[PDB]
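One structure is given here, and the rest of the page talks about it.
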2 protein chains.
Amino acid sequence: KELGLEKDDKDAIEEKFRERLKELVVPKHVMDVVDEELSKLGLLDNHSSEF
Amino acid sequence: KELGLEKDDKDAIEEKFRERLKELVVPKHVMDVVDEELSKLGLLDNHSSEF
């Protein structure tokens with residue numbers, strides 16, 4: 001975990017879409033809406049069907 | 001040294017999958033899809049129903 005697998009987070013998915021968001025001027029409407037599901041998705045377990 | 005045992009993990013399964021893929025030439029599309037899903041499999045528990 002600390003040395004080998006230093007990954008396992010949505011931050012890869014997140015951050016790649018953020019590379020999109022930089023060019024894609026998202027509306028403030030959607031910068032606000034997105035991060036809520038983002039925070040929920042970060043809370044959720046890797047294996048829940050809800051996740 | 002603290003693991004021992006055979007590689008009786010999903011990488012056995014990934015390895016049959018990937019040599020499979022080594023013969024047939026996939027589009028990079030399906031390549032990246034199978035790879036990211038492959039890692040997600042590897043995170044998944046060895047016994048979970050979703051696994």
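Chain identifiers are assigned as A, B, and so on, following the order in which chains appear in the structure tokens; residues are numbered from 1 within each chain, and ligands are numbered from 1 in order of appearance.
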Result of fitting chain A on chain B (Cα atoms paired in order), as a PDB file with N, CA and C atoms, in the first residue's frame:
```pdb
ATOM      1  N   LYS A   1       3.092 -17.322   2.395  1.00  0.00           N
ATOM      2  CA  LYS A   1       2.877 -16.264   1.413  1.00  0.00           C
ATOM      3  C   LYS A   1       4.147 -15.899   0.648  1.00  0.00           C
ATOM      4  N   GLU A   2       5.204 -15.530   1.370  1.00  0.00           N
ATOM      5  CA  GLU A   2       6.433 -15.091   0.719  1.00  0.00           C
ATOM      6  C   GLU A   2       7.160 -16.243   0.049  1.00  0.00           C
ATOM      7  N   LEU A   3       7.156 -17.416   0.677  1.00  0.00           N
ATOM      8  CA  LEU A   3       7.893 -18.567   0.178  1.00  0.00           C
ATOM      9  C   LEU A   3       6.995 -19.667  -0.368  1.00  0.00           C
ATOM     10  N   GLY A   4       5.936 -20.036   0.344  1.00  0.00           N
ATOM     11  CA  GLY A   4       5.069 -21.089  -0.149  1.00  0.00           C
ATOM     12  C   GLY A   4       4.191 -20.616  -1.289  1.00  0.00           C
ATOM     13  N   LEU A   5       2.987 -20.180  -0.926  1.00  0.00           N
ATOM     14  CA  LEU A   5       1.987 -19.671  -1.851  1.00  0.00           C
ATOM     15  C   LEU A   5       2.401 -18.267  -2.281  1.00  0.00           C
ATOM     16  N   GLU A   6       3.221 -18.188  -3.326  1.00  0.00           N
ATOM     17  CA  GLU A   6       3.685 -16.945  -3.930  1.00  0.00           C
ATOM     18  C   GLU A   6       2.805 -16.509  -5.096  1.00  0.00           C
ATOM     19  N   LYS A   7       1.585 -17.034  -5.163  1.00  0.00           N
ATOM     20  CA  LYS A   7       0.630 -16.781  -6.229  1.00  0.00           C
ATOM     21  C   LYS A   7      -0.527 -15.899  -5.745  1.00  0.00           C
ATOM     22  N   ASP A   8      -1.758 -16.230  -6.150  1.00  0.00           N
ATOM     23  CA  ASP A   8      -3.010 -15.590  -5.780  1.00  0.00           C
ATOM     24  C   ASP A   8      -3.029 -14.175  -6.332  1.00  0.00           C
ATOM     25  N   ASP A   9      -3.386 -14.091  -7.601  1.00  0.00           N
ATOM     26  CA  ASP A   9      -3.615 -12.837  -8.282  1.00  0.00           C
ATOM     27  C   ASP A   9      -4.271 -13.182  -9.601  1.00  0.00           C
ATOM     28  N   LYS A  10      -5.075 -12.259 -10.090  1.00  0.00           N
ATOM     29  CA  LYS A  10      -5.595 -12.350 -11.444  1.00  0.00           C
ATOM     30  C   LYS A  10      -4.502 -12.353 -12.488  1.00  0.00           C
ATOM     31  N   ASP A  11      -3.266 -11.982 -12.124  1.00  0.00           N
ATOM     32  CA  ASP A  11      -2.203 -11.896 -13.108  1.00  0.00           C
ATOM     33  C   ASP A  11      -2.009 -13.218 -13.829  1.00  0.00           C
ATOM     34  N   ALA A  12      -2.430 -14.331 -13.241  1.00  0.00           N
ATOM     35  CA  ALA A  12      -2.405 -15.570 -13.996  1.00  0.00           C
ATOM     36  C   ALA A  12      -3.464 -15.550 -15.095  1.00  0.00           C
ATOM     37  N   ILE A  13      -4.729 -15.299 -14.719  1.00  0.00           N
ATOM     38  CA  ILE A  13      -5.822 -15.101 -15.683  1.00  0.00           C
ATOM     39  C   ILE A  13      -5.471 -14.009 -16.680  1.00  0.00           C
ATOM     40  N   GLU A  14      -5.019 -12.875 -16.153  1.00  0.00           N
ATOM     41  CA  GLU A  14      -4.654 -11.736 -16.974  1.00  0.00           C
ATOM     42  C   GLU A  14      -3.662 -12.205 -18.004  1.00  0.00           C
ATOM     43  N   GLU A  15      -2.517 -12.649 -17.505  1.00  0.00           N
ATOM     44  CA  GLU A  15      -1.356 -12.877 -18.328  1.00  0.00           C
ATOM     45  C   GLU A  15      -1.639 -13.975 -19.349  1.00  0.00           C
ATOM     46  N   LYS A  16      -2.443 -14.991 -19.002  1.00  0.00           N
ATOM     47  CA  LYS A  16      -2.792 -15.994 -20.009  1.00  0.00           C
ATOM     48  C   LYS A  16      -3.598 -15.352 -21.124  1.00  0.00           C
ATOM     49  N   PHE A  17      -4.592 -14.549 -20.760  1.00  0.00           N
ATOM     50  CA  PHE A  17      -5.302 -13.865 -21.816  1.00  0.00           C
ATOM     51  C   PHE A  17      -4.371 -12.939 -22.560  1.00  0.00           C
ATOM     52  N   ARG A  18      -3.326 -12.451 -21.905  1.00  0.00           N
ATOM     53  CA  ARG A  18      -2.372 -11.617 -22.611  1.00  0.00           C
ATOM     54  C   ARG A  18      -1.646 -12.466 -23.636  1.00  0.00           C
ATOM     55  N   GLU A  19      -1.333 -13.726 -23.292  1.00  0.00           N
ATOM     56  CA  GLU A  19      -0.775 -14.592 -24.329  1.00  0.00           C
ATOM     57  C   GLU A  19      -1.735 -14.737 -25.476  1.00  0.00           C
ATOM     58  N   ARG A  20      -3.031 -14.635 -25.213  1.00  0.00           N
ATOM     59  CA  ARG A  20      -3.956 -14.592 -26.339  1.00  0.00           C
ATOM     60  C   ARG A  20      -3.871 -13.253 -27.063  1.00  0.00           C
ATOM     61  N   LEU A  21      -3.935 -12.163 -26.306  1.00  0.00           N
ATOM     62  CA  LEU A  21      -3.868 -10.823 -26.864  1.00  0.00           C
ATOM     63  C   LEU A  21      -2.672 -10.635 -27.791  1.00  0.00           C
ATOM     64  N   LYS A  22      -1.516 -11.230 -27.471  1.00  0.00           N
ATOM     65  CA  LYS A  22      -0.393 -11.101 -28.398  1.00  0.00           C
ATOM     66  C   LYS A  22      -0.762 -11.565 -29.799  1.00  0.00           C
ATOM     67  N   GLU A  23      -1.355 -12.746 -29.932  1.00  0.00           N
ATOM     68  CA  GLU A  23      -1.758 -13.148 -31.275  1.00  0.00           C
ATOM     69  C   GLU A  23      -3.003 -12.391 -31.688  1.00  0.00           C
ATOM     70  N   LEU A  24      -3.967 -12.291 -30.790  1.00  0.00           N
ATOM     71  CA  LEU A  24      -5.228 -11.652 -31.115  1.00  0.00           C
ATOM     72  C   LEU A  24      -4.973 -10.160 -31.117  1.00  0.00           C
ATOM     73  N   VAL A  25      -4.801  -9.580 -32.301  1.00  0.00           N
ATOM     74  CA  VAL A  25      -4.624  -8.139 -32.375  1.00  0.00           C
ATOM     75  C   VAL A  25      -5.925  -7.544 -31.896  1.00  0.00           C
ATOM     76  N   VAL A  26      -5.941  -7.090 -30.655  1.00  0.00           N
ATOM     77  CA  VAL A  26      -7.162  -6.546 -30.089  1.00  0.00           C
ATOM     78  C   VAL A  26      -7.232  -5.103 -30.567  1.00  0.00           C
ATOM     79  N   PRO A  27      -8.415  -4.539 -30.787  1.00  0.00           N
ATOM     80  CA  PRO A  27      -8.494  -3.119 -31.134  1.00  0.00           C
ATOM     81  C   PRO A  27      -8.067  -2.241 -29.975  1.00  0.00           C
ATOM     82  N   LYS A  28      -7.515  -1.070 -30.313  1.00  0.00           N
ATOM     83  CA  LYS A  28      -7.157  -0.102 -29.280  1.00  0.00           C
ATOM     84  C   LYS A  28      -8.360   0.229 -28.427  1.00  0.00           C
ATOM     85  N   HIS A  29      -9.537   0.206 -29.043  1.00  0.00           N
ATOM     86  CA  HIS A  29     -10.781   0.269 -28.309  1.00  0.00           C
ATOM     87  C   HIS A  29     -10.779  -0.706 -27.151  1.00  0.00           C
ATOM     88  N   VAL A  30     -10.369  -1.936 -27.405  1.00  0.00           N
ATOM     89  CA  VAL A  30     -10.513  -2.933 -26.366  1.00  0.00           C
ATOM     90  C   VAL A  30      -9.265  -3.092 -25.507  1.00  0.00           C
ATOM     91  N   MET A  31      -8.063  -2.755 -26.004  1.00  0.00           N
ATOM     92  CA  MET A  31      -6.967  -2.627 -25.045  1.00  0.00           C
ATOM     93  C   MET A  31      -7.283  -1.566 -24.018  1.00  0.00           C
ATOM     94  N   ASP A  32      -7.996  -0.516 -24.413  1.00  0.00           N
ATOM     95  CA  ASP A  32      -8.297   0.499 -23.423  1.00  0.00           C
ATOM     96  C   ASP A  32      -9.423   0.011 -22.522  1.00  0.00           C
ATOM     97  N   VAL A  33     -10.497  -0.542 -23.089  1.00  0.00           N
ATOM     98  CA  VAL A  33     -11.609  -0.921 -22.223  1.00  0.00           C
ATOM     99  C   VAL A  33     -11.213  -2.036 -21.257  1.00  0.00           C
ATOM    100  N   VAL A  34     -10.395  -2.994 -21.705  1.00  0.00           N
ATOM    101  CA  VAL A  34     -10.128  -4.186 -20.896  1.00  0.00           C
ATOM    102  C   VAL A  34      -9.461  -3.824 -19.577  1.00  0.00           C
ATOM    103  N   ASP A  35      -8.463  -2.953 -19.627  1.00  0.00           N
ATOM    104  CA  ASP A  35      -7.643  -2.778 -18.443  1.00  0.00           C
ATOM    105  C   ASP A  35      -8.394  -2.076 -17.328  1.00  0.00           C
ATOM    106  N   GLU A  36      -9.499  -1.411 -17.640  1.00  0.00           N
ATOM    107  CA  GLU A  36     -10.273  -0.764 -16.593  1.00  0.00           C
ATOM    108  C   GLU A  36     -10.920  -1.799 -15.691  1.00  0.00           C
ATOM    109  N   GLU A  37     -11.644  -2.742 -16.290  1.00  0.00           N
ATOM    110  CA  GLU A  37     -12.203  -3.817 -15.491  1.00  0.00           C
ATOM    111  C   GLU A  37     -11.091  -4.645 -14.898  1.00  0.00           C
ATOM    112  N   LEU A  38      -9.945  -4.709 -15.572  1.00  0.00           N
ATOM    113  CA  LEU A  38      -8.810  -5.417 -15.007  1.00  0.00           C
ATOM    114  C   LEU A  38      -8.352  -4.774 -13.708  1.00  0.00           C
ATOM    115  N   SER A  39      -8.223  -3.451 -13.704  1.00  0.00           N
ATOM    116  CA  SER A  39      -7.802  -2.751 -12.500  1.00  0.00           C
ATOM    117  C   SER A  39      -8.855  -2.858 -11.412  1.00  0.00           C
ATOM    118  N   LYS A  40     -10.130  -2.811 -11.793  1.00  0.00           N
ATOM    119  CA  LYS A  40     -11.173  -2.965 -10.790  1.00  0.00           C
ATOM    120  C   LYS A  40     -11.122  -4.354 -10.189  1.00  0.00           C
ATOM    121  N   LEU A  41     -11.003  -5.358 -11.048  1.00  0.00           N
ATOM    122  CA  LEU A  41     -10.971  -6.738 -10.611  1.00  0.00           C
ATOM    123  C   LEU A  41      -9.765  -7.003  -9.730  1.00  0.00           C
ATOM    124  N   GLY A  42      -8.646  -6.333 -10.010  1.00  0.00           N
ATOM    125  CA  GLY A  42      -7.504  -6.424  -9.125  1.00  0.00           C
ATOM    126  C   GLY A  42      -7.737  -5.747  -7.793  1.00  0.00           C
ATOM    127  N   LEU A  43      -8.494  -4.649  -7.788  1.00  0.00           N
ATOM    128  CA  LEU A  43      -8.823  -4.019  -6.516  1.00  0.00           C
ATOM    129  C   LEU A  43      -9.711  -4.897  -5.650  1.00  0.00           C
ATOM    130  N   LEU A  44     -10.590  -5.675  -6.264  1.00  0.00           N
ATOM    131  CA  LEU A  44     -11.688  -6.280  -5.531  1.00  0.00           C
ATOM    132  C   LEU A  44     -11.199  -7.473  -4.720  1.00  0.00           C
ATOM    133  N   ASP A  45     -11.965  -7.814  -3.690  1.00  0.00           N
ATOM    134  CA  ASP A  45     -11.606  -8.939  -2.845  1.00  0.00           C
ATOM    135  C   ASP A  45     -11.777 -10.240  -3.616  1.00  0.00           C
ATOM    136  N   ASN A  46     -11.029 -11.257  -3.195  1.00  0.00           N
ATOM    137  CA  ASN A  46     -11.138 -12.574  -3.812  1.00  0.00           C
ATOM    138  C   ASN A  46     -12.535 -13.165  -3.699  1.00  0.00           C
ATOM    139  N   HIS A  47     -13.288 -12.808  -2.662  1.00  0.00           N
ATOM    140  CA  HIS A  47     -14.519 -13.508  -2.317  1.00  0.00           C
ATOM    141  C   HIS A  47     -15.785 -12.684  -2.520  1.00  0.00           C
ATOM    142  N   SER A  48     -15.685 -11.420  -2.914  1.00  0.00           N
ATOM    143  CA  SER A  48     -16.888 -10.651  -3.196  1.00  0.00           C
ATOM    144  C   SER A  48     -17.599 -11.232  -4.413  1.00  0.00           C
ATOM    145  N   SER A  49     -18.927 -11.311  -4.353  1.00  0.00           N
ATOM    146  CA  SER A  49     -19.677 -11.746  -5.529  1.00  0.00           C
ATOM    147  C   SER A  49     -19.456 -10.825  -6.715  1.00  0.00           C
ATOM    148  N   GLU A  50     -19.230  -9.544  -6.449  1.00  0.00           N
ATOM    149  CA  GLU A  50     -18.876  -8.616  -7.511  1.00  0.00           C
ATOM    150  C   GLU A  50     -17.569  -9.013  -8.175  1.00  0.00           C
ATOM    151  N   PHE A  51     -16.632  -9.537  -7.388  1.00  0.00           N
ATOM    152  CA  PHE A  51     -15.366  -9.974  -7.950  1.00  0.00           C
ATOM    153  C   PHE A  51     -15.595 -11.129  -8.899  1.00  0.00           C
TER     154      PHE A  51
END
```
Practice item. Would you return as a ChimeraX atom specification the members of chain B that DSSP assigns to alpha helix (DSSP H) on this structure's backbone? Key: /B:10-23,28-43
File dump, residues just selected, C-alpha atoms, as a compact mmCIF listing (two decimals), in the first residue's frame:
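Contents of result.txt, as written:
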```txt
# COMPACT_ATOMS: atom_id res chain seq x y z
CA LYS B 10 -6.19 -13.16 -10.79
CA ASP B 11 -2.91 -12.45 -12.57
CA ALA B 12 -3.02 -16.11 -13.55
CA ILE B 13 -6.37 -15.27 -15.08
CA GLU B 14 -5.06 -11.99 -16.41
CA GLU B 15 -2.17 -13.81 -17.92
CA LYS B 16 -4.28 -16.26 -19.86
CA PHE B 17 -6.34 -13.26 -20.89
CA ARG B 18 -3.39 -11.29 -21.99
CA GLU B 19 -1.59 -14.00 -23.92
CA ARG B 20 -4.98 -14.55 -25.59
CA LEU B 21 -4.79 -10.88 -26.49
CA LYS B 22 -1.16 -11.31 -27.58
CA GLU B 23 -2.35 -13.39 -30.50
CA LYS B 28 -6.30 0.17 -28.53
CA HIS B 29 -9.87 1.01 -27.57
CA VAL B 30 -10.70 -2.42 -26.26
CA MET B 31 -7.12 -2.76 -25.05
CA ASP B 32 -7.38 0.12 -22.63
CA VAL B 33 -10.84 -0.98 -21.58
CA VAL B 34 -9.73 -4.47 -20.69
CA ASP B 35 -6.65 -3.14 -18.93
CA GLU B 36 -8.42 -0.71 -16.65
CA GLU B 37 -11.10 -3.26 -15.92
CA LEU B 38 -8.32 -5.76 -15.31
CA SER B 39 -6.84 -3.58 -12.62
CA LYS B 40 -10.28 -3.04 -11.11
CA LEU B 41 -10.68 -6.80 -11.01
CA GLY B 42 -7.38 -7.08 -9.24
CA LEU B 43 -8.51 -4.66 -6.57
```
